[PDB]
Amino acid sequence: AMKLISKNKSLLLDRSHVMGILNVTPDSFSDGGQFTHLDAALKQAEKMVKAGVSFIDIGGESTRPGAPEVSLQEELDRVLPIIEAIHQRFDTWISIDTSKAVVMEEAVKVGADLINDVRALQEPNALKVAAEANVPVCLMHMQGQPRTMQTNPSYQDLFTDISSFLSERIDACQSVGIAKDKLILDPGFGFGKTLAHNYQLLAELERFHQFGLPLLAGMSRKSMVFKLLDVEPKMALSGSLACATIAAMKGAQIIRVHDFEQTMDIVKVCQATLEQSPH
Amino acid sequence: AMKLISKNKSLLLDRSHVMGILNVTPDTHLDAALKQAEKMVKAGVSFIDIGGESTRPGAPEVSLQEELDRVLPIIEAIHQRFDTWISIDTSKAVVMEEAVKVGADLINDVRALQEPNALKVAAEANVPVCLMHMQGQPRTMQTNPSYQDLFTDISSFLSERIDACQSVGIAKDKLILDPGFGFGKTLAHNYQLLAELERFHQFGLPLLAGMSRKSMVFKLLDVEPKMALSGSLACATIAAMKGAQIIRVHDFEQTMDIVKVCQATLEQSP
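Chains as they are written, first to last, in the authors' numbering: chain A, 0 to 278; chain B, 0 to 26, 35 to 277.
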């Protein structure tokens, strides 16, 4: 089984690890960095640590659609104090969820261990900053148009576009000194895909181990769950747990979720099943 | 994909169907049980399983009259209001007979019709029957003592039961196989059974998987059975991905969501 290394920290990926989403959007009575904002984040982080979460994914994207805008400084004011406080208190890995080179750079400086980038280090300066940061990076593939199977166009060709993407990104990473063992692959559930396409990606998720990188599956509360079930994203827990269970049975090494206490239970069930499975 | 027939009723087992466990023991009032049954119907549950004596190990032993008084009123009230299949969870021939008379559509028998008069009553009832295999002693693999031989005992049991059923006029297409999660198995044995559950389709019967809130979940997680929802949903998901046609559960609303997700994933497996 692969070992993931971030400077002095190491994680053996011999099982599915849970990454808990800690969004640090303040409530409507708080500002980033204020006492109540940091307290609320730290209490959530402590619950994640107690539950056995392996990564805390800190993201400064606004989840408040009624807030008009968020300045870069405000985003830094919301992520940097929380990262600093967690880093000083817990050994748990911290992920910074960003595509912005400036946020990557500043976040690693105060203790982030991993960069989770839905733009796969393609923003200006992001590749250079990730190389200097010397931490692992999750690269997400954001497919453009769907591409059907020639032999049965009811289904997708899941591999042509990501193969080209990955070979180019691994080459780019190598060119700035980021070795392939620092990379994690997120195949990119969501982002405009149909329900069929998303569930085909899940159905075939184990085939993505062929690229030789650990897999991150992020399905939690996404439209592939709540539109299938015709519910609001807040009613989507059970469906999200089923997606997490199927991904864990297919060996996804990192499962990125909102509902981390419940997901810790399902990866334990999956690991017990895998331990009693033949080969 | 098989078709299950109970007299006038029919179900096509081309996907995972949910059977909801209806609580009618003090382990409660009649209108609460009917309201729970109505919630099951609205959620899309295919079978309502009614039992007046629990089959959990260590459960109280219930008199015959008490078992009848627990199940007959709720079966009648559901049958009057809904077309949903009712299962009677019993090993007693007298309960089987009286339950079908007031509306039960399926017999779920942990003792696989081995109790006195059960086989003849099931035949006269002319309804499908879930037969559970209850292995009394583990059997390890002859070449690997760390793992179980999952098939020798159930194969011998099923051939005997299928032949006994045929002798009283119960055809194979009436039979459902429950491989018997729980019932004193170790954690390893229970999870190997789950890990290999798709191998049990070889016997040509629809499978019933019932793992909900059992010790294989709450003792694995080291939690109280009341905290076993998420783990039970994972078990249900694994069983549904392995094609179990009937999944028997307490948390029926959540399990309908997981079987929908499983069905969508199975539909996209090219």
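Built from N, CA and C at the ideal position, the CB exists for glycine as well.
| Query | Result |
| --- | --- |
| Pair within 9 Å by beta-carbon distance, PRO186(A) and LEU214(A) | yes |
| Bridge partners - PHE54(B), DSSP secondary structure assignment | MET18(B), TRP92(B) |
| Run of the alpha helix (DSSP H) containing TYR198(A), from where it starts to where it stops | 194-202 |
| Start-to-end residues for the beta strand (DSSP E) that takes in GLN155(B) | 151-155 |
| Chain A residues whose Cβ lies nearer than 9 Å to that of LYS267(B) | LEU227, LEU228, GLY238, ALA241 |
| Spatially closest choice to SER15(B) from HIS257(B), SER276(B), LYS249(B), by CA coordinates | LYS249(B) |
| Whole-angstrom C-beta distance between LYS108(B) and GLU74(B), which should lie under 8 Å | So it is not a contact: roughly 15 Å between Cβ atoms. |
| Those runs of the beta strand (DSSP E) which lie wholly inside the region 94-170 of chain A and span at least 3 residues | 113-116, 136-139 |
| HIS140(B) to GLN121(B) span [Cα, whole Å] | 11 Å |
| Helix, strand or coil at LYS221(B) [DSSP, three-state] | coil |
| Reference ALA111(B), options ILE93(B), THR150(B), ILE183(B), closest by Cα | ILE93(B) |
| Beta carbon proximity, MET18(A) to chain D, threshold 9 Å | Absent here is chain D; the protein component of the structure consists of chains A and B. |
| N-terminal and C-terminal residue of the beta strand (DSSP E) that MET1(B) is part of | 1-5 |
| Chain B within 9 Å of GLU122(A), Cβ atoms only | no |
| Contacts around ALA84(B), its chain only, beta-carbon distance under 6 Å, and the 5 residues preceding and following it disregarded | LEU41 |
| CB-CB length for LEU79(A) against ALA44(A), believed under 8 Å | Not really, about 15 Å apart at Cβ, beyond 8 Å. |
| Residues in the region 245-269 of chain A having any Cβ partner in chain B nearer than 7 Å | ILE245, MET248, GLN261, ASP264, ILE265, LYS267, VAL268, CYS269 |
| Classification of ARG77(B) by the beta-carbon crowding that lies within 10 angstroms, buried from 16 upward | buried |
| Rounded distance between the beta-carbons of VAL134(A) and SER5(A), thought under 8 Å | 5 Å |
| Where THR272(A) meets chain B, residues with beta-carbon distance less than 9 Å | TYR198, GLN199, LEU201, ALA202, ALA241, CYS242, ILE245 |
| Cβ of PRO277(B) within 9 Å of any chain A Cβ | yes |
| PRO152(B) versus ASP170(B): straight-line alpha-carbon distance, rounded | 32 Å |
| Simplified DSSP assignment, three categories, for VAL268(B) | helix |
| Sub-9 Å separation of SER53(B) and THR91(B) beta-carbons | yes |
| Given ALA178(B) as reference, the closest of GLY189(B), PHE188(B), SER166(B) once Cα atoms are compared | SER166(B) |
| Three-state secondary structure assigned by DSSP to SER9(B) | strand |
| Near-chain A residues of the region 149-169 of chain B (beta-carbon distance less than 9 Å), N- to C-terminal order | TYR154, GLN155 |
| Chain B contact for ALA195(A) (CB, 9 Å cutoff) | yes |
| Those residues which DSSP pairs with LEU182(B) across a bridge | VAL136(B) |
| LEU204(B), buried or exposed, once every other Cβ within 10 Å from all chains shown has been counted against 16 | buried |
| Start and end residues, alpha helix (DSSP H) containing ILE177(A) | Neither: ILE177(A) is in no alpha helix (DSSP H) and is coded neither H nor E. |
| Element boundaries [beta strand (DSSP E), containing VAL256(A)] | 253-256 |
| Backbone secondary structure at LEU41(B) - three-state DSSP | helix |
| Rounded distance between the beta-carbons of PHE225(A) and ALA216(A), thought under 8 Å | About 17 Å; that fails the 8 Å criterion. |
| Identified DSSP bridge partners for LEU212(A) | In the DSSP output, where bridge partners are listed per residue, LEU212(A) has none listed. |
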